[PDB]
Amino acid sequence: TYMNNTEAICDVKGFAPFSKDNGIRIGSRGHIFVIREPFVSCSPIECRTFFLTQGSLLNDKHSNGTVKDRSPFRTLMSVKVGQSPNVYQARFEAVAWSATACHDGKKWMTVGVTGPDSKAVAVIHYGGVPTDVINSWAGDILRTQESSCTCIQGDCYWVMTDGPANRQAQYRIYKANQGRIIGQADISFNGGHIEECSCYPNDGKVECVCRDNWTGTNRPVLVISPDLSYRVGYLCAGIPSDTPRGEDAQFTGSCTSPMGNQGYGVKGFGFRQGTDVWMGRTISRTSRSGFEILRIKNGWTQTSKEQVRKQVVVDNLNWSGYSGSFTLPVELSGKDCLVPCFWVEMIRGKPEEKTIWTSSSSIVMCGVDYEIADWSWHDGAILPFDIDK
C-alpha cells in the first residue's frame, strides 16, 4: 500500500514551531557533524532531518575550510526531526554534496549527487541501497533540490540542474518508482534559471518554488503533473523573495519573466493557498539574516503585493539562510489535507563570522489554523569556538 499524497494543500493562517535542534550550540562540546543544506521530509511514521555532512565535526581541525561547497568527504545522513545531526543517531544515506530525499509510503528514496564537477554522478538510493544512477548530462555541477523530493501514489518526482550557476543552464524533471528511473523531461525555460527547487504535493501535482541564480529576484515556479508535462514561470506576486533583492516598491513582478537585475540568490520556498501564496524570504535584503513568511492575496496568479498575513521567525539580528518545503502525510496529521511545513537553515561561521568553519542549525514550522505571534527562534551559538582559538 502506497502513501497516495493526492490531497489539496491545507489553507493555513499561521505557522507553529515543529522543532529546533540546537545543532551548533550542542556541537561546542557535543559530537555534531559540520553540515550544510539540512532539510526535512516525512514518512507515514516519522519526519526526519536530512543534511550534508562535511565529513567532520564541530570544534575539530577537520572543520577548517568547511565553507567549501563540494568535497569527496560530504555525505548525506539523517536523524529524527528536531534531533541534532550527531554521529550517534545518524543514519548513513548517500555520498553527496547535493541531495534530495523523500518517502513513497513504503521506503525512503534518496538521491545523492557526488563526484567531479565536470562529470558528477547522482546515486539513487531506495531503502538504503543504491538502485539507479543519473550522470551529468551537461557537464557542469549536476545538482538537485537540497530539500524534500515529492512522492505521489508511489512515483517520486524531483528536479535537477546542470550548467552554469550564473547564466542559462539546463534543468530536468526526474520520476522514479521504487528507486528505478521510469521517466525524465527537459524543461524549456529560455531566459530563465532554476536552482534548488522546494516542492510539495497539491491536488495530485508537484508544485515547486525555485531559485534564480542568474538575474531574477523573483522565484521561478513550476507545477509538474505525473505525466511530466509541466508549467514553468515565476511567482506572480509583486513581492521579491530572493536574496539579494531590491526594495518592495522599486519592484514590479511577473508571472512569466525574471525581474530584478541583481544576480545571486538563496534557496527558498512558497506554498499556494488557492490564488494566494505563503512566500518565504530573509528579513535583510542583501544579507542572509532574519526570516519571515508572507501571505500575498492572489499572489500565486497575480502580480499582487497585498499582504493579509505576516510572521517573523528569525529576527534581522540573527543569521539564517536556506529554507524549503515539505508536507505531513495525511497518515500523520489526521487532516483531510496536506499540512504545509517549512524549515529554515541558520548558517553560522564563514563567510559572515569569525571562524575557520561554516555550519548551520535549523528550526521547523508547520501550518496551523491560527495566526502565530512573531518571534526569533534563533541559532544561539556563541562564536568563535575553541577550534577557532
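Definition used throughout: the rigid core is the maximal C-alpha set that superposes within 1.5 Å between two forms. Numbering starts at 1 and runs along the sequence shown.
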**Between 254-262 and 67-75, the one whose CA atoms sit farther away in 5 other deposited structures of this protein (rigid core aligned)** = 67-75
**Request:** Decide which of the stretches 93-101 and 213-221 has the higher mean C-alpha B-factor, going by the entry.
**Result:** 213-221
**Item:** Greater mean Cα temperature factor according to the PDB record, 70-78 or 303-311
**Value:** 303-311
**Message:** Per the entry's Cα B factor values, which of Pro201, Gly268, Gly115, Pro258 stands out as the maximum?
**Reply:** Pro258
**Prompt:** Considering only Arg48, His31, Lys350, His62, which residue's Cα atom bears the greatest B-factor as recorded?
**Reply:** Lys350
**Request:** Can you work out whether the C-alpha temperature factor of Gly163 puts it in the lowest, middle or highest third of the chain?
**Result:** middle
**Asked** Ranked by Cα temperature factor within the chain, is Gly27 in the lowest third, the middle third or the highest third?
**Response** middle
**Complete:** Sorting the chain's modelled residues by C-alpha B-factor and splitting them into thirds places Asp369 in the highest
**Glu146 CA temperature factor, ranked by third within the chain** = lowest
**Complete:** By the entry's values, the third containing the CA B factor of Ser359 is the lowest
